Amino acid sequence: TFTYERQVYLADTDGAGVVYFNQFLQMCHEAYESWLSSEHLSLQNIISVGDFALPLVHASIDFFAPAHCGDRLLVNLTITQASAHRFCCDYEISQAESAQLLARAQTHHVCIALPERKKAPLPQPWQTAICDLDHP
């Protein structure tokens, strides 16, 4: 896994006193972006070129226990290529010090050619990076 460290901020939380559900999914996307940056890939780069896009096409998340403002979390990310066009990120979000499981999530991402929005093969650079990140 790639491990992304994330402190819970006040804005991540809601009036029930705990982290708001989709803020956990925000933390997941951050982990993904940080992994990209570590692999010298750049979401901004592909957006900027715009012969292609790499949209998220699915997200899902199960919640097991709440977190609170100030908590230090770890988001552990591993990724597998599901097909020519599509990869699947798996995330586990835990408390750093106890490894209490808070959530498990997936996001799926596809490459498309623009403007027609038709599936295109994942860039090899993404494929290569995904290979280096070991998935069960």
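When you see a residue number, it is the position in the sequence shown, counting from 1.
Peer 1: Which is higher on mean Cα B factor in this entry, 26-34 or 97-105?
Peer 2: Mean CA B-factor is higher for 97-105.
Peer 1: So which stretch wins on mean C-alpha B-factor, 38-46 or 61-69?
Peer 2: Higher mean C-alpha B-factor in the PDB entry: 38-46.
Peer 1: Among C89, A84, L56, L74, single out the one with the highest C-alpha B factor in the record, please.
Peer 2: Checking the PDB record, the top C-alpha B-factor among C89, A84, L56, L74 is at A84.
Peer 1: Could you place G15 in the lowest, middle or highest third of its chain by Cα temperature factor, using the values in the record?
Peer 2: Answer is lowest: the recorded C-alpha B-factor places it there.
Peer 1: When the modelled residues of the chain are sorted by Cα temperature factor, does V8 land in the lowest, middle or highest third?
Peer 2: Answer is lowest: the recorded C-alpha B-factor places it there.
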